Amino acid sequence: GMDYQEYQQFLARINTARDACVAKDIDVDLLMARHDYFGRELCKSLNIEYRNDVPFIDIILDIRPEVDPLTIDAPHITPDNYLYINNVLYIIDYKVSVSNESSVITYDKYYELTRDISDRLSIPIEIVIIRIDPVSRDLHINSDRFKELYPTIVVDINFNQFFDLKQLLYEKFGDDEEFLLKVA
């Protein structure tokens, strides 16, 4: 799980919180903490360097350092990570959700915006959304091409801290109508 230190910060914030706006910022900070936690552990399993929200321009500069970043016609996306093997660019994104609705929105965005640049660099760009179901703890990965490189991937983590902290937050603001009907 997260460091004792990070769990303490959430515990302190949840207990000090008197107001729905503060409460929702914790709710959102937990989802993001959980996403980043899966990110770090996933990157250990894949044995690739851990990254977050990498500017696409930097990814291009890394795999093709001759490219002038002032002129290249590149999309403005910040994918969580990426892998370049056998002249194939895998654009990786971490997801922690029980559904694919977010996965699809990200895949649709990243797929559409990377068709042009793939054609220009003559490098096939494979969009890999690596999602863990936080309940079942099962890995769902869309890209068949990516799953050939990494045929069996055990992460073996859990989100019981995240579930507890969230539950404590919904317990505390359970009769705050404004908290229960506020969005990210």
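Start at 1 with the first residue shown and count on from there.
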**OP:** Could you settle it for me: does 148-156 or 27-35 have the higher average Cα B factor in the PDB entry?
**Re:** 148-156
Original post:
Split the chain's modelled residues into thirds by Cα B-factor; is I129 in the lowest, middle or highest one?
Top reply: lowest
Subject >> Record-listed C-alpha B factor of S136: chain third >> reply: highest
**OP:** Sort the modelled residues of this chain by their C-alpha B factor and say whether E171 lands in the lowest, middle or highest third.
**Re:** highest
Original post:
Split the chain's modelled residues into thirds by Cα B-factor; is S45 in the lowest, middle or highest one?
Top reply: highest
**OP:** Sort the modelled residues of this chain by their C-alpha B factor and say whether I77 lands in the lowest, middle or highest third.
**Re:** middle
